[PDB]
Amino acid sequence: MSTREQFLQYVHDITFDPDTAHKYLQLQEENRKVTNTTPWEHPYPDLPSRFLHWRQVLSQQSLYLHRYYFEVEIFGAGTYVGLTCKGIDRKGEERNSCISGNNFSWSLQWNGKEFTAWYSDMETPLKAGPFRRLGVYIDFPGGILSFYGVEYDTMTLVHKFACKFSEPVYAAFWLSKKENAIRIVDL
């Protein structure tokens, strides 16, 4: 085990769920790439699962009771990556239905020069500097959600959340601004 190999022991497949994606989000690369293409909508069927107002998408996969790791690359100020539960309101207009505004979701925002940790309408600006690639580590029984900046020969802890998990969690993504994009790495 290299340093990164400690986390790769727990690698988990994550792909975007097309049935959740807001109509301004385009999915590519077998549901491993998402891009905000506002004001150009895409003709997705109307489904109760689909986010209506917040420009969000969930993973198809849920995680429950073990340790998990995956990597993403983020592009653009306004991107959030984190976790939520199935019961997040898909049709809501208010902050309780975005991934920075409730007590069952946790997320990390990139604003163009710093990351910010979000939980339940509370924000903590960080000074970690930029990282294109983030490693997302979930220790469900341990109540840990950690974000690492990942470079060739390095991992750097950006933020560790202490989380009171209950339901299975889904990877959750919020692409708040035009041209925001997130990709899930191979692993």
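Because the Cβ atoms are built from the backbone with ideal geometry, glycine has one as well, and the counts that use them run over all protein chains shown. None of the figures in this text is laboratory data; all of them are computed from the coordinates on show.
Could you order the peptides 96-103, 167-174, 109-116 from most to least packed, using the average number of other C-beta atoms within 10 Å per residue?
167-174, 96-103, 109-116
How would you classify the chain from its alpha-carbon gyration tensor, with a ≥ b ≥ c the square roots of the eigenvalues: rounded for a/c under 1.5, else prolate if a/b is greater than b/c, otherwise oblate?
rounded
Compute, for the chain, the length of the dipole vector about the Cα centre, with Cβ point charges of +1 (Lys, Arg) and -1 (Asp, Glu) only. Units Debye, rounded to 20.
Dipole magnitude for the chain comes out near 280 debye.
Calculate for the chain the 222 nm mean residue ellipticity that helices alone would give, adding -39,500 (n - 2.57) per DSSP H run of length 4 or more and normalising by residue count, nearest 500 deg cm²/dmol.
So the helix-based figure for the chain works out to -500 deg cm²/dmol.
Alpha carbon centre of segment 115-174 versus segment 1-33: separation in Å?
Going from one Cα centre to the other spans 15 Å.
PRE reach from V11 (point 7 Å along Cα→Cβ): which of segment 113-147 fall under 17 Å by backbone N?
Of the residues in segment 113-147, 133-138 have backbone N under 17 Å from the label point off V11.
With a Förster radius of 22 Å, plug the Cβ-Cβ distance of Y152 and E179 into 1/(1 + (r/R0)^6) and report the FRET value to the nearest 0.05.
For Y152 and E179, the calculated efficiency is 0.25.
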